[PDB]
Structures are given as C-alpha cells and as structure tokens.
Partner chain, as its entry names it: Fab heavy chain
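The chain below stands alone and is given as structure tokens, in the form deposited without the partner chain.
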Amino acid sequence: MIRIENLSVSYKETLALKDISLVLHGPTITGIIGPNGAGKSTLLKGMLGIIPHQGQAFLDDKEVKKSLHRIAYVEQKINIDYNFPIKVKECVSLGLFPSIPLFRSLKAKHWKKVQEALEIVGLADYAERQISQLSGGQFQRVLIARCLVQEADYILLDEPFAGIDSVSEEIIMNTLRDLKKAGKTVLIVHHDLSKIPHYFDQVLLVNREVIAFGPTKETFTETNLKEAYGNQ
C-alpha cells in the first residue's frame, strides 16, 4: 500500500504539485497520466523525497523515506548520460550496490542475479556492450534489469514506454505483468494516453491536483480527461 498525505512541491512561485492525498492498493500496475509537465513525474520524486516537498508518504505502516530499500526507482532515459564509460552488466549491477556494505565487493552470487536479470529482459548477449551502443528500447530493458536485481516490493517507473521499439515494449510489459503476478505494486508515469486499459488496472489522472483516481474503466472517462487536459 502507498498512502500519501497532502503532498505538494513548489516550482518557484506557483505550485507544480498541489495537495495530493491518495491511497493506492496492490498488487497492481497503476498508471499516472495527464498533461506533460503538470505533475506526473514530480509526484514520484516528491514521494521518494528526491526533491523538497511539503507533505508525507507511507509504505505499509512505515514512512517512505525510511523504506527506500523496498523501492526501485527507474528514471527517464533522457536524464542518464550515455557517454559515461560503463558496460551493460556494470550498469545492471548498480542495483545491487545498496545490499553491499563498505569494504566489500560483488561476489559470484551477485553476478548470478545480473546474468539472470539480463536473460529475463533478453539482453544476455549485450552484457559487455557500452550503454552508448544500445538503442532506446534496449537501454530501457537495461534499466528494468537494474530494477529487477534490487528485488523491490514496489516499482516506480517514469515513462518507460516513451520512444521504444515494439519488441522492447513486449519484453518490458511481460516483465511488469510477472511482477504483478508476484504480488508486487507497479506505479508508472505514462508519457501519453496510449493503451491505458491495456497497461493499467488503476489510473491516476493529474494536473497540479488529483483530477481522478481509481480503477481504469470507471476513472478513465471523457469527462475526467476534459477536466485534466482542458484545465478550465
């Protein structure tokens, strides 16, 4: 369960996000939709405490900021530096870094998870490649593989279906369905309004405030979308 209380984030003068109170239940694949730049992606950063925010957030009778080991955050591809010298397997292994303490190294059991995570997303033969050499769809699968090795009960993605090939989308989506089958919560910030009932069983419509929230067929309506995107 992801409960939120009066979460707000200020851009500079006006509020980017305004008083978000919500209670999300799992297991689920939930979709955060709405206009670009109007709260979607900020909600995830304010929830995890990545940026300064005014409200609170909880994960199962415990605060989110004291439970970051239970969450896996997958950021947008745009933010990541592709020129940085790093192989695919080394990028995937970054997900294991929290579990490794100081004065310790990655043993053979840890590389087992990296080799298994790549096989799940179909990048076993791209292990020694540089991340600059991969395509947009392939690179998302590396970030999903990096997320899998954390073994989080909660998964937070940010526009993972934005600008990718259909072969990657199939692999990514099948992986997320399996996480829901494993009794885990998936919260995705969707880039547009494509395939809403296919991707998501719960939908959270956002434009500064929460316009609507609930199961897809009920909440993904003509009226709610007009209220969100139409603004006035």
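Residue numbers count along the first chain shown, from 1.
Judged by mean Cα B factor in the deposited record, 12-20 ranks above the other of 208-216 and 12-20. With 119-127 and 102-110 compared on mean CA B-factor from the PDB entry, the stretch scoring higher is 102-110. In the deposited entry, the Cα temperature factor of residue 141 places it in the lowest third of its chain's modelled residues. In the deposited entry, the Cα temperature factor of residue 88 sits in the middle third of values across the chain's modelled residues. Residue-level temperature factors show residue 149 in the middle third of its chain, judged at the C-alpha atom. In the PDB entry, residue 80 places in the highest third of its chain by CA B-factor.
As for the form solved in complex with the partner chain, it is not shown, yet the points below apply to it.
Among 168, 42, 175, 30, the residue placing a heavy atom within 4.5 Å of the partner chain in the bound PDB entry is 175.
Although the partner is absent from this view, residue 89 stays clear of the partner chain in the bound PDB entry, with no non-hydrogen atom inside 4.5 angstroms. Among heavy atoms of residue 59, none comes within 4.5 Å of the partner chain in the bound PDB entry.
By the criterion of a heavy atom within 4.5 Å, residue 157 is excluded from the residues contacting the partner chain in the bound PDB entry. Although the partner is absent here, residue 66 lies well away from the partner chain in the bound PDB entry, with no heavy atom inside 4.5 Å. Looking at 100-128, the residues that come within 4.5 Å of the partner chain in the bound PDB entry, counting any heavy atom, are 112, 113, 116, 117, 119, 120.
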